[PDB]
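Heads up, the thing below is written out as structure tokens.
Residue numbers (the entry's author numbering), protein chains in the order written: chain A, 844 to 942; chain B, 844 to 942.
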């Protein structure tokens, strides 16, 4: 159900993140909301164009999620790199001593 | 040619993915289509505002591509991690036995 995307959106300790994986009904509802907002923007003078707010909200949430996942992956790669370097150095030293 | 982006868009076994790398003419055509859609939304009552559909379609495709690439990278990192752990354990055991 695409309606349970915004009302049940996960968050972070100080931010809000969402996975970048969409669905057919999800993008269909997004396009319908965007079309409704663009239609109401041309016939309303007040705050009737507020239908495009949740679209940008979920877009920013997915962007923040992608960013934090990229940061986690970068930290994990740095950890793996330094651990591999230290292990290879120690193994080389041990092999030289044994030889 | 930016026109060969939507008509020659790759897909997946059950989804549709696109690389997040854009170009100058690509973003120019996207902005032109968005402006045309926003102009037609204010002067048409029927389905004339359908010019913003391919924009959201390619956006969702790029999001799904980023998501599946992130998932592949996460699986690869998990594989590398467990393989490194097992190899380091076996190497430590062999070195202890040899010593």
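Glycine included, C-beta positions come from ideal geometry on N, C-alpha and C.
Cβ of residue 904 of chain A less than 9 Å from any chain B Cβ?
no
With 9 Å as the threshold, decide whether the Cβ of residue 850 of chain B is near any Cβ in chain A.
no
Burial state of residue 928 of chain B (16 or more Cβ within 10 Å)
exposed
For residue 898 of chain A and residue 930 of chain A, which I take to be in contact (beta-carbon distance under 8 Å), what is that distance rounded to the nearest angstrom?
Actually they do not touch by this definition, with Cβ atoms about 48 Å apart.
Going by the beta-carbon positions, is the gap between residue 858 of chain B and residue 907 of chain B smaller than 9 Å?
yes
With H, G and I counted as helix, E and B as strand and the rest as coil, what does DSSP make of residue 894 of chain B?
helix
Between the beta-carbon of residue 939 of chain A and the beta-carbon of residue 938 of chain B, is there less than 9 Å?
no
First and last residue of the alpha helix (DSSP H) that includes residue 850 of chain B?
Unbroken run through residue 850 of chain B: none, as it is neither H nor E.
Contact between the segment 883-894 of chain B and the segment 859-875 of chain B (3+ Cβ pairs under 8 Å)
no
CA nearest to the CA of residue 904 of chain A, picked from A:888, A:853, A:845 and A:933:
A:853
Mind checking the segment 867-879 of chain A against chain B and listing, in chain order, the residues whose C-beta falls within less than 7 Å of any C-beta there?
870, 873, 874, 877 and 878
Taking the alpha helix (DSSP H) that residue 881 of chain B falls in, what are its first and last residues?
867-884
Does residue 887 of chain B pass the burial test, meaning 16 or more other C-beta atoms within 10 Å, or should it be called exposed?
exposed
How many Å lie between residue 874 of chain A and residue 896 of chain B at the Cα?
6 Å
Closer than 8 Å at the beta carbon, the chain A residues around residue 895 of chain B
874, 877, 878 and 881
Residue-level contact to chain A via CB, residue 915 of chain B, 9 Å cutoff
no
Using CA coordinates, which residue listed in A:846, A:871, A:844 and A:847 is at the minimum distance from residue 901 of chain B?
A:871
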